[PDB]
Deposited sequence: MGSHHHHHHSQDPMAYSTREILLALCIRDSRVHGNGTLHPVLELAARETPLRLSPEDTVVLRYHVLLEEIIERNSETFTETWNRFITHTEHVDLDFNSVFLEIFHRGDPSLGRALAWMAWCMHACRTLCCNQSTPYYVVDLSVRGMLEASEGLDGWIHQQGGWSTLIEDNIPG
């Protein structure tokens, strides 16, 4: 009965361990404590980590341009994350392909924030919070569809 907040955080923790190993960002550590009962190594997480990475690679030029443009113009990153989400999943009807695209875009966002010795903490913090609280809008429509684990296991 995992929620989107949990599987997303786990993916970012899983993705951070795969890229350069190193210490997990304090913000992500704290988010795992403030909750995350799903291990980053869990099979469902390993499945989604591969899938979402393939999405990023297939849309690499778009995920960088949109993100690079997003982060350099926002003044309330925690609020603009929910703005983008509401446009996709509230101003329109949810889709399985729209959900995967959103999840992949958020995992790519953390990747550019996780292991950088120059990214400010307040930037990483508001971004981790913006994602997890904005992604709660998918729990409803996805429990209707059978849940994350069932969606991928076929």
property: Deposited positions lacking CA coordinates; result: 1 to 14, 49, 170 to 173
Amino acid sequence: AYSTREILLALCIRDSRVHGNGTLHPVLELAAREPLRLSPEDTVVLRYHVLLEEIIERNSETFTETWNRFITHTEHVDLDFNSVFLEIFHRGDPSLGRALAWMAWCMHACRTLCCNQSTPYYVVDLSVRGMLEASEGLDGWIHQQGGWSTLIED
From here on, numbers count along this sequence of modelled residues.
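Take the two forms, find the largest set of C-alpha atoms that superpose within 1.5 Å, and that set is the rigid core.
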| query | finding |
| --- | --- |
| Between stretches 56 to 64 and 116 to 124, more displaced by Cα RMS in 5 other deposited structures of this protein (rigid core superposition) | 116 to 124 |
| Of 65 to 73 and 83 to 91, which departs more from this form in 5 other deposited structures of this protein by CA RMS after core fitting | 83 to 91 |
| Greater mean Cα temperature factor according to the PDB record, 64 to 72 or 87 to 95 | 87 to 95 |
| Between the two ranges 16 to 24 and 131 to 139, the one averaging a larger CA B factor in the entry | 16 to 24 |
| Highest recorded Cα temperature factor - choice among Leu36, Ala101, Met107, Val44 | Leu36 |
| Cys115 - Cα temperature factor, lowest/middle/highest third of chain | highest |
